[PDB]
């Protein structure tokens, strides 16, 4: 019902490095565009978390816009102020995220089918 629950779950899993949490939230057909415009799969997307190459210290979301793409699709567009370490280097980055969630059944929930992030300039 409320995509805020899943958005918050995702934020927590990313911030805490909860790989199992991330694996649960992301659909296996994930197509995720990264900040260089490269299209990543679920396994390539989660690799930095799984290797310990990405650790986030800050992930502050604001200005969320939510739209419906039918009863079973939800778009979330949000501003994210982030900091952490990536590939051995401290970083700070401010991004716009677009995320597309699909409704899932069996266990009633939502999973992430696609997303895009790019820097806010």
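Positions refer to the first chain, counted from 1.
*Asks:* If you average the CA temperature factors over each stretch, which comes out higher, 43-51 or 77-85?
*Replies:* That would be 43-51.
*Asks:* Quick one: higher average CA temperature factor, 26-34 or 52-60?
*Replies:* Stretch with the greater average CA B-factor: 52-60.
*Asks:* Hey, out of 11, 99, 111, 20, whose CA B-factor is highest in the deposited coordinates?
*Replies:* Of the candidates given, the C-alpha B-factor peaks at 20.
*Asks:* Would the CA B-factor of residue 69 place it in the lowest, middle or highest third of its chain?
*Replies:* It falls in the top third of the chain.
*Asks:* Quick check on the deposited entry: does the C-alpha B-factor of residue 120 sit in the lowest, middle or highest third of its chain?
*Replies:* Its C-alpha B-factor, which the entry lists for residue 120, ranks in the lowest third among residues of this chain.
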